[PDB]
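Take a look at this single chain, the form deposited in one PDB entry, given in structure tokens.
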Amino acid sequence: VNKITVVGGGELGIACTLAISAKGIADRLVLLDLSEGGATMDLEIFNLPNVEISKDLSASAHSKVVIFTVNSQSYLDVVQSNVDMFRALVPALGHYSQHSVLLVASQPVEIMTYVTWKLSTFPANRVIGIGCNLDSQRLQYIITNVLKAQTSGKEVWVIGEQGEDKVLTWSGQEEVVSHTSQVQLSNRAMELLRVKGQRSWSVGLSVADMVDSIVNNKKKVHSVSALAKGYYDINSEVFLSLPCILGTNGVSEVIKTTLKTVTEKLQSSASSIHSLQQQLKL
């Protein structure tokens, strides 16, 4: 039985909820509206099947996935304000669903994934962020369906810190792809992908797909924000987007890729995320 909890009744939270329902992914879906005693009741009013709206954290109990979509001026103070909000919520919600995967969609995603990790005390493999999953699934789609490289397109990933750049790396789980093909396929795909955004509806579709893989234990590879210590010579406790196999029990495997110098982009993001994290009050 696949119970899923979406945390936060803003646009993002409704987008996740509608996306999940549209595909019939959840047996029960609880949407937590944390607003002062709004329009979130429309989902019940219009009787979205198996959608329960609640203000009660305990309604989340026994979820397979809990999706954090809440968001709350200088950058540090904006992050800390979101941190303050997570402190009131994560510990409770971790306790209601101790066997769940926590999936963090709130921004800035790497930092908020770390925060959720620390507040919940869950093992790292069960605390992930949306990372570059949306970027990755779009890139692969373009290459497989638009450029018609049906196998090559499954082997390219967007990784690292979301929104900062588009760092590309290639896995090799199905075929060797020569460098000349890697370059043409990704330049052509980037033409189509450079201009696309991160609007709530897009993110909610991305989240629904990850949730589908987790609850149905698909063991499908997703570029998600995952604890990056021990990868790319990162030794700090920072989350970066990495190709991970997802199932019921979270990340079962981080996929190996081949990468040059470019790990410098990753290490600079890690260093910058870590410095900021050390300035936060949990």
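Under this definition, the rigid core comprises the largest set of C-alpha atoms superposing within 1.5 Å between the forms. Residues carry their position along the shown sequence, with the first being 1.
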How many missing residues of the deposited sequence lie between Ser72 and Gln73 in the entry, grouped as none, 1 to 3, 4 to 9, or 10 or more?
4 to 9
Zero if continuous, otherwise a range: how many residues of the deposited sequence are missing coordinates between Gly37 and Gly38 (none, 1 to 3, 4 to 9, 10 or more)?
1 to 3
Between the two ranges 15 to 23 and 261 to 269, the one averaging a larger CA B factor in the entry
261 to 269
Can you let me know which of the two, 120 to 128 or 80 to 88, has the higher average C-alpha B-factor in the entry?
80 to 88
Of the choices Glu164, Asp209, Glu110, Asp135, which one's C-alpha carries the largest B-factor in the record?
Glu164
When the entry's CA B-factors for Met41, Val66, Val238, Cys244 are compared, the highest one belongs to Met41
B-factor third for the C-alpha atom of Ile214 within its chain
middle
Within this chain's modelled residues, let me know which third the CA B factor of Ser54 belongs to: lowest, middle or highest.
highest
Using the B-factors in the PDB entry, rank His179's C-alpha atom against the chain and give the third, lowest, middle or highest.
lowest
Hey, what third does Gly197 fall into on Cα B-factor, ranked over its chain?
highest
Would you check the entry's CA temperature factor for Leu147 and let me know if it's in the chain's lowest, middle or highest third?
middle
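There is another form of this protein, the form deposited in another entry, and it is not shown here; the text below is about that form.
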Comparing between this form and the one not shown on the core: of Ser181, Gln98, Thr121, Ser81, the CA moving 2 angstroms or more sits at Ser181
Compare the position of the CA of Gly153 between this form and the one not shown after a rigid core fit and state whether the shift reaches 2 Å.
yes
C-alpha of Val167 off by 2 Å or more between this form and the one not shown on rigid core:
no
For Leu205, decide whether the Cα shift between this form and the one not shown is 2 Å or greater, given a superposition on the rigid core.
no
Between the shown chain and the other structure, the Cα gap of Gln150 to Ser252 differs by 3 Å or more. Is it closer or farther in the other entry?
farther
Quick one: in the other entry, is the Cα gap between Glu161 and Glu191 smaller or bigger than here? Answer closer or farther; it shifts by 3 Å or more.
closer
